[PDB]
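J.: The structure's right below; bear with me while I get my questions together.
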Amino acid sequence: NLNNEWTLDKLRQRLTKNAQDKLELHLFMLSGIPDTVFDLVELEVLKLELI
Amino acid sequence: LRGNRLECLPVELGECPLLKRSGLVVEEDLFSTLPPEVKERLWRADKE
């Protein structure tokens, strides 16, 4: 249900730029890492908090 | 040049006959310190 709810497009839109000016994705208090997250080959920084 | 401790860029960087947007990989904060003319020429070279 996490994979289906967190679709690839939603994470892609949620992609942000960190201080070093590169793509970063913040996952906070999620029950896990969606499998669609690992399809973001353009991601450079992966932040996981309280998973 | 991404990740370097660069505070400024040369003003002669635009004098490159073959250089596109993809050819330069730098963070955007220090990509604007150069004069606007060379940046706009680089964007002009990016049309095709």
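Chain labels follow the order of the structure tokens: the first chain is A, the next B, and so on; residue numbering restarts at 1 in every chain, and ligands are counted from 1 in their shown order.
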Using only C-alpha atoms, determine which residues lie at most 12 Å from residue 34 (chain B), disregarding the query and same-chain residues fewer than 4 positions distant; provide the list as a PyMOL selection string.

T.: chain B and resi 7-14+28-30+38-40+42

J.: Mind dumping the selected residues with N, CA, C and O atoms as a compact mmCIF listing (two decimals), in the first residue's frame?

T.:
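So again.txt came out as:
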# COMPACT_ATOMS: atom_id res chain seq x y z
N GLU B 7 34.57 30.08 -5.39
CA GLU B 7 33.82 31.28 -5.06
C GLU B 7 33.57 32.19 -6.25
O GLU B 7 32.73 33.09 -6.15
N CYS B 8 34.29 31.99 -7.35
CA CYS B 8 34.13 32.82 -8.54
C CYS B 8 34.51 32.00 -9.76
O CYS B 8 35.21 30.99 -9.67
N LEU B 9 34.05 32.46 -10.92
CA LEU B 9 34.34 31.81 -12.18
C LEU B 9 35.02 32.78 -13.14
O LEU B 9 34.77 33.99 -13.09
N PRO B 10 35.90 32.29 -14.02
CA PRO B 10 36.57 33.18 -14.96
C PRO B 10 35.58 33.85 -15.91
O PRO B 10 34.58 33.25 -16.31
N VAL B 11 35.87 35.10 -16.25
CA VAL B 11 35.06 35.82 -17.23
C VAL B 11 35.39 35.42 -18.65
O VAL B 11 34.67 35.81 -19.58
N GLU B 12 36.47 34.66 -18.86
CA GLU B 12 36.84 34.15 -20.17
C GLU B 12 36.28 32.76 -20.44
O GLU B 12 36.60 32.16 -21.47
N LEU B 13 35.45 32.24 -19.53
CA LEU B 13 34.89 30.90 -19.71
C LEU B 13 33.99 30.83 -20.94
O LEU B 13 33.91 29.77 -21.58
N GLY B 14 33.33 31.93 -21.30
CA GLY B 14 32.44 31.93 -22.44
C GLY B 14 33.12 31.82 -23.78
O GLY B 14 32.44 31.56 -24.78
N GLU B 28 24.30 25.78 -9.03
CA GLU B 28 23.70 26.98 -9.60
C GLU B 28 24.06 28.25 -8.85
O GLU B 28 23.97 29.34 -9.43
N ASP B 29 24.45 28.15 -7.57
CA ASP B 29 24.75 29.36 -6.81
C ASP B 29 25.96 30.09 -7.38
O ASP B 29 25.95 31.32 -7.48
N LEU B 30 27.00 29.36 -7.75
CA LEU B 30 28.19 29.96 -8.35
C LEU B 30 28.15 29.97 -9.87
O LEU B 30 29.12 30.41 -10.50
N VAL B 38 27.97 35.89 -21.16
CA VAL B 38 28.47 34.56 -21.49
C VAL B 38 27.43 33.49 -21.13
O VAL B 38 27.28 32.50 -21.86
N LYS B 39 26.70 33.67 -20.03
CA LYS B 39 25.64 32.74 -19.68
C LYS B 39 24.55 32.72 -20.75
O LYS B 39 24.06 31.65 -21.14
N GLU B 40 24.17 33.90 -21.23
CA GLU B 40 23.14 33.98 -22.27
C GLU B 40 23.64 33.41 -23.59
O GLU B 40 22.86 32.80 -24.33
N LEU B 42 25.79 30.92 -23.76
CA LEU B 42 25.72 29.48 -23.51
C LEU B 42 24.31 28.96 -23.71
O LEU B 42 24.10 27.91 -24.33

J.: When you get a sec, could you note down which chain B residues fall within 12 Å of chain A, using only C-alpha atoms, as a ChimeraX atom specification?

T.: /B:2-5,25-31

J.: Would you put the residues from that selection into a file with N, CA and C atoms, as a short mmCIF file (atom, residue, chain, number, x, y, z; two decimals), in the first residue's frame?

T.:
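So the final result, stored in again.cif, reads:
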data_model
loop_
_atom_site.label_atom_id
_atom_site.label_comp_id
_atom_site.auth_asym_id
_atom_site.auth_seq_id
_atom_site.Cartn_x
_atom_site.Cartn_y
_atom_site.Cartn_z
N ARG B 2 31.48 20.35 -10.18
CA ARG B 2 30.55 20.28 -9.06
C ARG B 2 31.25 19.79 -7.80
N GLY B 3 30.91 20.41 -6.67
CA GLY B 3 31.45 20.03 -5.39
C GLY B 3 32.71 20.75 -4.98
N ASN B 4 33.29 21.57 -5.85
CA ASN B 4 34.52 22.27 -5.53
C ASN B 4 34.24 23.49 -4.66
N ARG B 5 35.31 24.02 -4.06
CA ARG B 5 35.22 25.20 -3.20
C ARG B 5 35.48 26.47 -4.01
N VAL B 25 29.04 21.17 -15.46
CA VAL B 25 28.30 20.59 -14.34
C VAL B 25 28.77 21.32 -13.08
N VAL B 26 28.06 22.38 -12.72
CA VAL B 26 28.37 23.17 -11.54
C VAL B 26 27.08 23.48 -10.79
N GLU B 27 27.22 23.75 -9.50
CA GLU B 27 26.09 24.18 -8.69
C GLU B 27 25.62 25.56 -9.13
N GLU B 28 24.30 25.78 -9.03
CA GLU B 28 23.70 26.98 -9.60
C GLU B 28 24.06 28.25 -8.85
N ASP B 29 24.45 28.15 -7.57
CA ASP B 29 24.75 29.36 -6.81
C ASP B 29 25.96 30.09 -7.38
N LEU B 30 27.00 29.36 -7.75
CA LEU B 30 28.19 29.96 -8.35
C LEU B 30 28.15 29.97 -9.87
N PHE B 31 27.06 29.49 -10.48
CA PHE B 31 26.93 29.56 -11.93
C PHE B 31 26.48 30.93 -12.41
#

J.: Show which residues sit within 6 Å of region 29-46 of chain A, as a PyMOL selection string. Count only C-alpha atoms, and ignore same-chain residues fewer than 3 positions away.

T.: chain A and resi 2-3+8+23-25+50-51

J.: Check the smallest atom-to-atom distance from each of B:37, B:45, B:32, B:1 to residue 17 (chain B) using only C-alpha atoms, then report the winner.

T.: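 Once distances to residue 17 (chain B) are computed over only C-alpha atoms, the minimum belongs to B:45.
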
J.: Using DSSP on the backbone coordinates, identify all residues within region 9-46 of chain A classified as helix (DSSP H, G or I); present the result as a PyMOL selection string.

T.: chain A and resi 9-14+37-39

J.: How would the residues just chosen look if you wrote them out with N, CA and C atoms as a CSV table (one decimal), in the first residue's frame?

T.:
chain,number,residue,atom,x,y,z
A,9,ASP,N,5.5,9.5,-9.6
A,9,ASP,CA,5.3,10.9,-9.9
A,9,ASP,C,5.3,11.7,-8.7
A,10,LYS,N,4.6,11.2,-7.6
A,10,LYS,CA,4.5,12.0,-6.4
A,10,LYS,C,5.9,12.2,-5.8
A,11,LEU,N,6.8,11.2,-5.7
A,11,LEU,CA,8.1,11.3,-5.2
A,11,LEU,C,8.9,12.2,-6.1
A,12,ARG,N,8.8,12.1,-7.4
A,12,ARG,CA,9.5,13.0,-8.4
A,12,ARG,C,9.2,14.4,-8.1
A,13,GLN,N,7.9,14.7,-7.9
A,13,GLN,CA,7.5,16.1,-7.6
A,13,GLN,C,8.0,16.5,-6.2
A,14,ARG,N,8.1,15.5,-5.3
A,14,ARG,CA,8.6,15.8,-4.0
A,14,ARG,C,10.1,16.0,-3.9
A,37,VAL,N,10.6,4.7,-5.1
A,37,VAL,CA,11.7,5.6,-4.8
A,37,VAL,C,13.0,5.2,-5.5
A,38,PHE,N,13.2,3.9,-5.6
A,38,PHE,CA,14.4,3.4,-6.2
A,38,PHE,C,14.3,3.4,-7.7
A,39,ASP,N,13.3,4.0,-8.3
A,39,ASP,CA,13.3,4.2,-9.7
A,39,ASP,C,13.7,5.7,-10.1

J.: Work out how far apart CA of residue 22 (chain B) and CA of residue 36 (chain B) are and give it in Å to one decimal.

T.: 18.0 Å

J.: May I ask for the distance between CA of residue 46 (chain B) and CA of residue 20 (chain B), given in Å to one decimal place?

T.: 5.8 Å

J.: For the structure I just gave you, how does DSSP split chain A - specifically, which residues are strand (DSSP E)? Reply as a PyMOL selection string.

T.: chain A and resi 16-17+23-28+45-49

J.: How many Å separate CA of residue 23 (chain B) from CA of residue 18 (chain A)?

T.: 22.1 Å
